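Presented below, as structure tokens, is a lone chain in the form deposited in one PDB entry.
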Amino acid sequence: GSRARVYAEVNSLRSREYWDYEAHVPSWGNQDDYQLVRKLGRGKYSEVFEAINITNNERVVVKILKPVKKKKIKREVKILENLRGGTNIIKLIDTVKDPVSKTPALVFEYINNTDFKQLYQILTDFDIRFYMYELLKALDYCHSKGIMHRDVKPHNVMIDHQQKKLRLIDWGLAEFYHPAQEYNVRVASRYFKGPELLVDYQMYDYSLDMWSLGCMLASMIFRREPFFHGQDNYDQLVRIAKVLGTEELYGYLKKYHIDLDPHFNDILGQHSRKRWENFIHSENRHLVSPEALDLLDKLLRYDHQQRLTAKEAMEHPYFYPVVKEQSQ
């Protein structure tokens, strides 16, 4: 069976308490120290507000959780605690409850979420390299901590383009990696789902996040956002196969003994693998380089186990200008 190439044993080498989130007992502080100022977003299991800590005037973000998901709350809390101090991971300041209702909430550091008003037109080639490198630091960190994010997408990446700060948010779908464990494929968001999810392959790993990363890189350098625009989960795989090829998909399935839902036979068609240069034109040529294409080609691979790790991606020549500026 399939196994991560990196970080495969790291949870088993740690104390059980590190990964046994069901046994975790958070310490719940007092939400009454926080004044909600403005709604920032809302999801199936939470709602997010900008807030002030009235005791010290600190601006923060409060994610109020639907309380019935007790196991899922412990999971997210323990993951965030394990990731404390990780580079470019959103900082969990505290875990609090309304002291009367006991509804739990998470308090995060505030970030300026730049409102990109022109579909990222303002970001240069160097900016894309710089922020991709920052995002990869977060993914290498969490993977090294035995955790898969499982919902990497633009919505979950805060960038303060004033201060050049990046944070990976929303750890509510994240999960500990244990070799040979079969995971639920109902994770990630449609456009960022790896082929393994779309073909119902449960034995996936950190490399799922690297597919999502690759989708983001393709959309940044080519300016087609999202890059793979499925109308539903079936069509999502078709959109991928139109680029990566159908014979190539079947070789992946064969390698891992993956059964394909037969509804796909009526919609996949026959598609030759496309050269990445096909996506270049006058509107994106300034963001595309041989290095970018080589990196992308090594991320957007069917075979999860052969995709670059976050560290291998960071070590690619595409990021040499960032590293050199980071030291010069």
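Here, rigid core means the biggest group of C-alpha atoms that superpose within 1.5 Å across both forms. In this text, residue numbers run from 1 along the sequence as written.
A.B. asks: Tell me which of 61-69 and 25-33 has the higher mean C-alpha B-factor in the deposited entry.
C.D. replies: Between 25-33 and 61-69, it is 61-69 that shows the higher mean C-alpha B-factor.
A.B. asks: Do the C-alpha atoms of 306-314 or of 15-23 have the higher average B factor in the entry?
C.D. replies: The deposited B-factors put 15-23 ahead on the C-alpha mean.
A.B. asks: Specify which of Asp140, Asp232, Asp205, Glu134 carries the largest Cα B factor in the deposited PDB entry.
C.D. replies: Max CA B-factor in the entry, restricted to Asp140, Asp232, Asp205, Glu134: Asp232.
A.B. asks: In terms of recorded Cα temperature factor, pick the maximum from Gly172, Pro195, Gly214, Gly251.
C.D. replies: Highest C-alpha B-factor among the listed options: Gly251.
A.B. asks: Split the chain's modelled residues into thirds by Cα B-factor; is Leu92 in the lowest, middle or highest one?
C.D. replies: It falls in the middle third of the chain.
A.B. asks: Within this chain, which third does the Cα B-factor at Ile52 fall in: lowest, middle or highest?
C.D. replies: For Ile52, the deposited C-alpha B-factor lands in the middle third.
A.B. asks: Compare the C-alpha B factor of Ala218 with those of the other modelled residues in its chain, then answer lowest, middle or highest third.
C.D. replies: Ranked within chain, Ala218 CA B lands in the lowest tercile.
A.B. asks: Should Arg38 be placed in the lowest, middle or highest third of its chain by the C-alpha B factor in the entry?
C.D. replies: Within its chain, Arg38 is a middle-third residue by C-alpha B-factor, going by the deposited values.
A.B. asks: Splitting the chain's C-alpha B-factors into thirds, which one does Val6 fall into?
C.D. replies: As the PDB entry reports it, the C-alpha B-factor of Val6 lands in the lowest third of its chain.
Missing here is the form deposited in another entry; even so, the following discussion is about that form.
A.B. asks: I want to make sure I read this right: if the two forms are fitted on their rigid core, which of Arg42, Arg59, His263, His286 has a C-alpha displacement of 2 angstroms or more between this form and the one not shown?
C.D. replies: Once the cores are aligned, the residue moving by 2 Å or more is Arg42.
A.B. asks: So, superposing on the core, is the move of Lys117 at the CA at least 2 angstroms between this form and the one not shown?
C.D. replies: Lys117 C-alpha, core-superposed: shift of 2 Å or more.
A.B. asks: In the other entry, do the Cα atoms of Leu168 and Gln118 sit closer or farther apart than here, given a shift of 3 Å or more?
C.D. replies: Note: Cα gap between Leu168 and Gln118 shrinks in the other entry.
A.B. asks: Explain in one word, closer or farther, how the Cα atoms of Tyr45 and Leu80 are placed in the other entry relative to this form, where the distance changes by 3 Å or more.
C.D. replies: Note: Cα gap between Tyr45 and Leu80 widens in the other entry.
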